[PDB]
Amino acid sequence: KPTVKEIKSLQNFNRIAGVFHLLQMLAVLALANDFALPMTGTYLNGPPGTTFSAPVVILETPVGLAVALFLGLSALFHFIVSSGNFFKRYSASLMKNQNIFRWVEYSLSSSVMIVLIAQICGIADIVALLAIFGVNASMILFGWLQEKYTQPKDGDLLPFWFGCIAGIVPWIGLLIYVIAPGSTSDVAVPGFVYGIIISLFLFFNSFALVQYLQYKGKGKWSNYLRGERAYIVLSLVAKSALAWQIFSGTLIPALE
């Protein structure tokens, strides 16, 4: 059972992580150019099975604001969890091997991140981006249901596996777009885009490995709070890695 001292230490760790997210949010808000990525519709110009209009831009993602949004969401939920007011509810949740505020945050923050990665790869169709957001949110909600209905060592990973099925779909989409079957242009995917997809695919898999390790509950992973710390570190590293790779690639003032 987690002790009062262990829970209080974790709340301090949440606060520190929140400060790192918040200061990066500020730096991106302040320093980023107005670089935008399109969401498009490619409408039928006739009955189904005939021809299409050219893609039209429906709206544009303000990329700096979107990066600031996923950093800011992490900061907000870390500050909420860190609060003395939430000590009773955190302790109650951690005693049931649950952190629900993590899933509420990730359902929005990780979904913003995967949409931005898709747009950076050139995925623009508004339904592609909407459905990527939804299936990524679904991945998180399956992880939430793993925590709600199972305990470590109980032999039940069904929600986890459903989360893996939902979770892999956006990444199959990215892989299709970088392979670009049927593509005409000899223009190559930029290095920095490969860097984003490869690094963030590794991090996304890392989150899945934490829930797997926690619910397997073997060796040091018998201690649920080890997973709780791992999630805080992985969110910090993943969101910083994506923020600064996008910033370096697209948001610098030489590109304004």
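For every residue, the number given is its place in the sequence shown, counted from 1.
Visitor: Averaging CA B factors per stretch from the PDB record, which one is higher: 245-253 or 2-10?
Guide: Looking at the record's C-alpha B-factors, the answer is 2-10.
Visitor: Can you let me know which of the two, 149-157 or 133-141, has the higher average C-alpha B-factor in the entry?
Guide: Looking at the recorded C-alpha B-factors, 149-157 comes out higher on average.
Visitor: Reading the B-factor column of the entry, which of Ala166, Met95, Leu174, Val112 has the highest value at its C-alpha atom?
Guide: Top of the list by C-alpha B-factor: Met95.
Visitor: Looking at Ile196, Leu65, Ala208, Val187, which one carries the largest C-alpha B-factor according to the PDB entry?
Guide: Within the set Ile196, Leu65, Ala208, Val187, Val187 shows the top C-alpha B-factor.
Visitor: Taking only the Cα B-factors deposited for this chain, tell me whether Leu37 sits in the lowest, middle or highest third.
Guide: Its C-alpha B-factor belongs to the lowest third of this chain's values.
Visitor: What third of the chain, by the recorded C-alpha B-factor, contains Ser107?
Guide: Ranked within chain, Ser107 CA B lands in the lowest tercile.
Visitor: Could you say whether, by C-alpha temperature factor, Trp221 belongs to the lowest, middle or highest third of its chain?
Guide: Answer is highest: the recorded C-alpha B-factor places it there.
Visitor: How does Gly182 rank on Cα B-factor within its chain, lowest, middle or highest third?
Guide: Highest third.
Visitor: Consider only the C-alpha atoms of the modelled residues in this chain, order them by B-factor as the entry records it, and name the third containing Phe87: lowest, middle or highest.
Guide: Ranked within chain, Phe87 CA B lands in the highest tercile.
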